[PDB]
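Residue-level structure breakdown
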Amino acid sequence: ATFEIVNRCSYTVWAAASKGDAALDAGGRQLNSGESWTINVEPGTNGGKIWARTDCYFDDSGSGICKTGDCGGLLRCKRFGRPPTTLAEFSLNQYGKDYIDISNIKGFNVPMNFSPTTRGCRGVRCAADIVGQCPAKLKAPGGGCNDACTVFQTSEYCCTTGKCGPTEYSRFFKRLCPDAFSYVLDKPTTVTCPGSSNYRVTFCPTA
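Definitions and limits used
- Residues numbered from 1 in each chain as written, not as in the entry; some residues may be left out.
- Heavy atoms only, no water.
- Disulfide = S-S within 2.5 Å.
- Helix = DSSP H or I, 4+ residues; strand = E, 2+ residues; numbered from the N terminus.
- UniProt positions renumbered as here; feature names shortened; annotations may be inferred.
- Buried < 20%, exposed > 50% of the residue type's maximum accessible area, 1.4 Å probe, protein only.
- Arc of directions from axis to C-beta.
- Contact = heavy atoms within 4.5 Å.
- Polar contact = N/O pair within 3.5 Å; in protein donor to acceptor, adjacent residues only side chain to side chain.
- Pairing = 2+ DSSP bridges.
- Axes fitted to C-alpha atoms, helices over the stretch in contact; angles between N-to-C directions.

Per the PDB record, the structure was determined using X-ray crystallography to 1.80 Å resolution.

To continue, consider the state of the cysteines. One pass over the structure, following the stated rule, counts eight disulfides. Here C9 connects covalently by a disulfide to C204, the sulfurs 2.0 Å from one another. Disulfide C9 to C204: torsion about the S-S bond roughly 90°, handedness right-handed. Residue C9 is located in the loop between β1 (2–7) and β2 (13–18), and its partner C204 is located in the segment after β12 (199–203); the two are separated by 195 residues in the primary sequence. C126 shares a disulfide with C177; S-S distance 2.0 Å. Disulfide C126-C177: torsion about the S-S bond near 90°, hence right-handed.

The next subject is the UniProt feature "disulfide bond" in the chain. A sulfur gap of 2.0 Å between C9 and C204 means the disulfide that UniProt records is present in these coordinates. Of the UniProt disulfides, the one joining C56 and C66 is intact in these coordinates, the sulfur pair sitting 2.0 Å apart. Placement of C56 in strand β5 (residues 48–58) and of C66 in strand β6 (residues 64–68) is noted, with a sequence separation of 10 residues between them. The exposure class of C56 is buried, given its relative accessible area of 6%.

A few words on helix α4 (residues 168–176). For α4, the full list of buried residues reads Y169, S170, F172, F173 and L176. Axial view of α4: buried residues confined to an arc of 150°, hence all on one face. Turned more than 90 degrees off the buried face of α4, the exposed positions are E168 and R175. As for α4, its buried residues are in contact with α1 (130–133), α2 (148–152) and α3 (155–158).

For the rest of this paragraph, the subject is the side chain of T54. Relative to the assigned elements, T54 resides in strand β5. At 2.8 Å, the side chain of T54 forms a polar contact with the side chain of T68. Among all residues touching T54, those that are not within four sequence positions of it are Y11, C66, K67, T68 and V110.

So, on to the sheet that holds β12. Spatially, the five strands line up as an open sheet ordered β4-β1-β12-β9-β10, and their pairing is mixed. Each edge of the open sheet carries a strand with a single partner, namely β4 (36–40) and β10 (124–126). Here the strands of the sheet are splayed against their neighbours by 15° on average, with no regard to which way each runs. Where β1 and β4 come together, five bridges link them in antiparallel fashion. The residue bridging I5 from the neighbouring strand is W37, located in β4.

Here is the structure:
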C-alpha cells in the first residue's frame, strides 16, 4: 500500500512511520514545508502508525533528538514516538478490509488529515488548534499538548484496568477534534476502507 505523506505546515517536520517493533519503509524522513514523501507499507500491516516530529536535530549517522515524537533519537524510526504525537493509525488487510483512524490518546503536536486516495471510504481529520487551546496542565514544555495519561499516570487516564470513562481532559481533545480518539475507550471513530486501499497523510491540512 502506498501512503503519500505531505507536509502543508509552514514549518519543517520529520515524518515517522512504524508498527512499534519495526520501521515501515524507511521509518522516517525530513519534510520541508510543502514536500511530499511516498512510502510503501506491506499488506497485512497491523497496528501501524504515522506521525510528525518537530524541532529535530540529526547528525550524519541519523542520530539526534526531536522536541515532539522522538523515536529513540533516530531519524529512521523503528519504534513509536515520544508524546505528544497526533497519530494516523492503521491496520491493513484485516479479514479483507482496511481500518484507519486518528488518535489524540498520546497527545497532539501537529494537525493532520488522514484520507484514502482510492475509492470506498472517507477520510478522518483533526486540524483544530489543539496546541494553542491546550489546557494549562497539559501543555508540554517541549512543545505540543500532552494527553492526561502521559501527564498524570493514573489508571483512569491510562485505562489500565480496561475500565475508564471520559474525563475533563479527554473531553477537551474530543471537543476540538470529534473525529479522533480522545481516550482509550472512546466511542470508535475508526473508518472501514476496502482492503488494499492507498492513502495520504497531510500535516496542517487547512492552510
